Protein chains: 2
Amino acid sequence: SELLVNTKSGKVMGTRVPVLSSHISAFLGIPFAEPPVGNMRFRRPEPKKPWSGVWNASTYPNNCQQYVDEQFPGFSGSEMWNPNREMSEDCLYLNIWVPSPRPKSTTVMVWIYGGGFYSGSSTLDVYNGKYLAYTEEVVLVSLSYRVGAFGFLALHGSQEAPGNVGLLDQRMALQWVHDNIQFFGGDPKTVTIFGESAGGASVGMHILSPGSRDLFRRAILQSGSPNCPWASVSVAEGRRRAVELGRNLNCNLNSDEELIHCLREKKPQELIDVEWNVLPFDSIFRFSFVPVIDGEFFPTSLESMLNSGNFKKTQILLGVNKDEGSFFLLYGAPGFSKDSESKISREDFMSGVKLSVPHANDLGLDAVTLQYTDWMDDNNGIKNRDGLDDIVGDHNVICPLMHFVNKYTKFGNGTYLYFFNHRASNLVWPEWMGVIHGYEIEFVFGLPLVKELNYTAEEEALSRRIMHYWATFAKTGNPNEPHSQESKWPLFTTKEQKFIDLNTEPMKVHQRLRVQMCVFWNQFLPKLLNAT
Amino acid sequence: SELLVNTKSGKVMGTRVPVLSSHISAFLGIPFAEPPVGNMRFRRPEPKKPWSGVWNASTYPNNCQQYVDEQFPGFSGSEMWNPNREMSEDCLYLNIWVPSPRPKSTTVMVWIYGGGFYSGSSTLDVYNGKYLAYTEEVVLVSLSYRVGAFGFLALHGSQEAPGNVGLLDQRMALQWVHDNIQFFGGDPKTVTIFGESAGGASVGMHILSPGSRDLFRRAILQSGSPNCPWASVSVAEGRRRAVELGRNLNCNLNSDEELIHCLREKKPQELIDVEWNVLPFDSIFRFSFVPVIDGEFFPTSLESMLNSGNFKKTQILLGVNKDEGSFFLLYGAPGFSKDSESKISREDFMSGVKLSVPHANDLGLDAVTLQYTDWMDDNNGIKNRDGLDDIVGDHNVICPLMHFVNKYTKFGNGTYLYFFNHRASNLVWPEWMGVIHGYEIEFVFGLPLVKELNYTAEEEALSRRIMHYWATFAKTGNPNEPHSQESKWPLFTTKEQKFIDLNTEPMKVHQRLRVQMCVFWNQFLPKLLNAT
Ligand SMILES: *[C@@H]1O[C@H](CO)[C@@H](O)[C@H](O)[C@H]1NC(C)=O
Ligand SMILES: *[C@@H]1O[C@H](CO)[C@@H](O)[C@H](O)[C@H]1NC(C)=O
Ligand SMILES: *[C@@H]1O[C@H](CO)[C@@H](O)[C@H](O)[C@H]1NC(C)=O
Ligand SMILES: *[C@@H]1O[C@H](CO)[C@@H](O)[C@H](O)[C@H]1NC(C)=O
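Residues numbered from 1 in each chain as written, not as in the entry; some residues may be left out. Chains lettered and ligands numbered in written order. Heavy atoms only, no water. Residues with missing side-chain atoms left out of burial classes, pairs and counts.

Here we look at the overall build of chain A
When helices and strands are tallied, chain A shows 17 helices and 14 strands. Taken against the 2.2 N^0.38 rule, which gives 24 Å for 532 residues, the C-alpha radius of gyration of chain A at 22 Å falls within 12% of a compact globule. Expressed along its principal axes, the backbone C-alpha trace of chain A runs to roughly 70 × 65 × 50 Å. Pairs at least 24 residues apart make up 75% of the contacts formed inside chain A by residues separated by at least 6 positions. (Helix = DSSP H or I, 4+ residues; strand = E, 2+ residues; numbered from the N terminus. Rg over C-alpha atoms; globule rule 2.2 N^0.38 Å. Contact = heavy atoms within 4.5 Å.)

Topic: the interface of chain A and chain B
In this complex, chain A contributes 20 residues to the contact, which on the side of chain B involves 20 residues. Residue assignment for the side of chain A that touches chain B shows that the elements contributing at least two residues are α13 (362-371) and α17 (515-531) of chain A. Of the residues forming the side of chain A that touches chain B, the biggest block, eight residues, is contributed by α17 of chain A. Here the residues of the side of chain A that touches chain B are counted per class, giving eleven nonpolar, four polar and five charged. (Nonpolar A, V, L, I, M, F, W, Y, C, P; charged D, E, K, R; others polar.)

Description of the nonpolar core
Counting 358 residues, the largest nonpolar core has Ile 96 and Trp 470 of chain A together with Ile 96 and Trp 470 of chain B as the members making the most contacts within it. If we ignore the near neighbours within four places in the chain, the residues touching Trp 470 of chain A are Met 109, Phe 194, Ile 220, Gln 222, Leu 317, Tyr 418, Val 444, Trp 489 and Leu 502 of chain A. (Core = buried A, V, L, I, M, F, W, Y, C linked by side-chain atoms within 4.5 Å. Buried < 20%, exposed > 50% of the residue type's maximum accessible area, 1.4 Å probe, protein only.)

Section: the pattern of salt bridges
All names here are of chain A. In the structure shown here, the tally under the stated rule is 34 salt bridges over all chains. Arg 247 serves as the salt-bridge partner of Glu 244, at 2.6 Å between the closest nitrogen and oxygen. With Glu 244 and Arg 247 both in helix α7 (residues 235-248) and three residues apart, the pair spans about one turn of that helix. Between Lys 338 and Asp 339 there is a salt bridge, with its nearest N and O atoms 2.8 Å apart. Linked through salt bridges whose partners overlap, the residues forming this network are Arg 43, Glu 160 and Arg 264. (Salt bridge = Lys/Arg side-chain N within 4 Å of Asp/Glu carboxyl O.)

A few points about the sheet that holds strand β3 (residues 15-19) of chain A
Residues and elements named next belong to chain A. Strand order in this open sheet of eleven strands is β3-β4-β6-β8-β7-β9-β10-β11-β12-β13-β14, and the pairing throughout is mixed. With partners counted over all chains shown, the strands left at the sheet margins are β3 and β14 (509-511), one partner each. Along the sheet, successive strands turn relative to each other by an average axial angle of 25 degrees, direction set aside. Of the pairings in the sheet, the one linking strand β13 (residues 498-502) to β14 comprises three bridges and is antiparallel in character. The partner of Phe 499 across the bridge, within β14, is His 510. Contacts between helix α14 (residues 381-409) and the sheet are confined to β10 (218-222), β11 (316-321) and β12 (415-420), with β11 contributing the most and set at about 160 degrees to the helix. Strands β7 (106-112), β9 (186-196), β10, β11, β12 and β13 of the sheet are contacted by helix α16 (residues 457-476), whose axis makes an angle of about 145 degrees with β10. (Pairing = 2+ DSSP bridges. Axes fitted to C-alpha atoms, helices over the stretch in contact; angles between N-to-C directions.)

Structural notes on the relation of the copies chain A and chain B
It takes a turn of 180 degrees to lay chain A on chain B, together with a shift of 0.0 Å along the axis; the resulting RMSD is 0.0 Å. Given the turn and translation reported, the copies of this chain are related as if by a two-fold rotation axis. Scanning chain A for the C-alpha nearest the rotation axis identifies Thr 532 of chain A, at a separation of 2.6 Å. (Least-squares fit on C-alpha atoms.)

Here's the deal with the pairing of β13 of chain A
Residue and element names in this part refer to chain A. Counting buried residues in β13 gives four out of five residues, a clear majority hidden from the surface. The sheet contact formed by β12 and β13 spans three bridges and is parallel. Bridge pairing in β13 links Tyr 418 to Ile 500. Between β13 and β14, which follow one another and run antiparallel, lie six residues.

Spatial relationships are all this shows, so hold off on functional conclusions.
Here's what the structure looks like:
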């Protein structure tokens, strides 16, 4: 039967799912690791023991334990990102969408969800891989990984809570795909990993980590890069936060053994309730438990690895959205509200700047303020609001990604860069937020092709174009159709640094994406902070 | 006789001079101090002893000893600024242009020439006061003062070479005008002092110095302010330079007495030949002997005086030219030439930046470079050239003046600000230099009214308009004609910060002159240099 597949770990039975007046096969909730529960909490993952009989892969699995956003109860704009299945530490499963009839050896794409390393689910409606798998005829896989303390609590030196286990969860899933996707009709030698935000940073981390490089062919990074300021911490800071978490739960702190034992006896929600109390600074776009530069998963500092070319050399396709920072300002900066235009006063602008660059001294804060202030009209509420939006997006997403693309392109085999700037016609978030962090995902997954979702005809066309770019890149290492008559997405080169916009208007090629601001964030500010 | 005037110092006989098909009286070369020669070199000036008989004031006096520019021999653009009379240490004289018939008690304007405190003459063709005196019916006076080491060598603590004597020369001339102008038909209670560059800085210094305030009514500052970075030095730096001058002339340096005695035995040209060897840094727009913050002429630091309102409160009219920095880049920055378009390479841009801000550390240099570089087109020769031009003009003239105007306006009785941006149709300097430092002077003195000079009809109109603004301001404290139908020059206020452009086009009012760059130069950079 087309729904029965025998893998190296055992047999699995999928389910036939409808999609755009047709059907395809789906294998949901396939286990790739042993449940990281009890004594296994915080530990590196262990491969799933093979099973006898048939694994029922007809329904989505549980989501990993995580902080749940209740800032806007009932609001679809925020709830669409929350777990839609019951949460459990028993959450290491993957999902596969297979074209029908089953292919023999076709292109494989593996999705890695984002969520700042503190949240995320492979089961969100927005991550339904049936549209992409059906439309582009690729085998689509979505994996899962532990987030928050469960996946990133780090007490370097200890083997019980070494840190980065969430990244190892991802690697184990990639290993499973490498070893078994052939039975689902996928080509293990043509696997593209792609992800957004923390998922994009994760993709870059697998490009960097020697232990992950051999498991995939190409990569796509959406609004995220491994060198982002929020994406990793030092071993010392990771330890400090782990200890502070224990301090928040009245744990014995005399030794790592004592601390970990205490943390392992706590219910999942107990850790989550105090998770945010361990941050250094009053800040936005900063998360408690993230990857740690350990000298193992990451041999040396990310910068030294990027500079020496110590990473997988292949083709990459990546990009950012126009207003990456709006989400974070709305949730934590004074003056911003969901139901108002959020015009910002000069004073709230100052407060926002300090929250946005928590590690900077006063001189550093002055430099940022000067760089983003129009002194001919400094009390303009719209300008201050948009200025802060740019500060957050440039510092946390765009400039780190531009630093990554330029360093990578020197050693890589082909780079394609995009700037997504289309605001969906059916967005429920206010207009001031613009082209929001994460809202290009629905286009990548083809939701606009579903009539009931209320997208325009132009948006369906944009989605089809984007899905074809992504899948063609996954298949050939080039988003462009060999010998087509459509406008070509030029290769990003060290010299020309070209990129294209992604919207419903005719393709336009540009150069040096936000170069002025990124020279500030990537070269000047770091120098200022290190000298003063 | 109309040409004979009896002053408190003795009788003087002037000469009738033709002017625009008419005539007026001129009294040239009137002594206001005893020749500062021999034992008097470097000493404060002494009032001229009254004389018997009639002083022959029919010809221009000698010019003070100074460095003479020979960079472009025979070239009118540069030679028009050089001394046009024989040089001598016996140079403290003033010139007066009086309307005919002699007025009874009319508005008086006293011109103070510029020249970076190292040069200047009251006798330049461009400073001929007959046009202004005749056209606006004012008594026009031009004074002189010692420049270079002769007027500013400073060995604080010593009464033989205390420093600032050139400024005291200016004060003595103002005192003479206060005491005697009434005999020439001028009103000593309605005297306006005006000057350009070092002369403008000098005007601001008299506004600040308690000992000079009572000698004039209003002031006009053209392309210069007392707080300019090149306009003064500390007592320590002044001493260091005085000692280095002695070291350059093989002087005994065991004591001030030894040093001064040695310097007094040297011929004037001997001092001038080594004058430029005492600067701290490799730099442009920096001069060796300038005013010193002594605690006498200047009670405290200029900044503390400006902040506390420790200065004469009256009305002021001031402004700058569009391209103040071009002259200095042409003479000392690599890549600039008089006969080429001077497109600057990225490398020469860097060299230029270091020469322009000699006191800045590397981080400071990086900040300037970032602020003036278009990173989307960094190798554009025109942009690099114009960027450097702006750096020099903003740092040395515009921003210091804007800091002055804003601090002054808080306590003053009326401020009028202008931005001169008309390039003369008959300029002999290359086009890349734009609206050059000092080229608004010919309009203020009415040269465009002289047909033989080859100016256009529009330029004659601009000159007449400017002369009337200046003279009306001198007479009433307001450049505008009471109840006229012409466009009004608005008052510059702390809140609106309005100013007008001065060109042949219809008047346009603007606000916050180069505010973006001046926040950088006046607030950010100083903070960066002091913290790092
Ligand atoms: C497990 O598979 C069976 C079919 O064998 C079916 O009941 C369903 O798809 C799964 N069970 C649940 C939880 O509904
Ligand atoms: C990628 O690598 C292949 C084989 O080494 C080479 O022929 C090709 O030019 C490379 N492409 C780029 C854009 O570097
Ligand atoms: C001095 O005045 C006399 C007239 O009394 C006349 O010769 C001339 O104006 C002056 N002398 C010189 C130096 O020409
Ligand atoms: C100048 O001073 C006079 C008298 O003190 C005052 O009436 C006038 O308002 C002042 N003007 C300005 C612009 O400050």
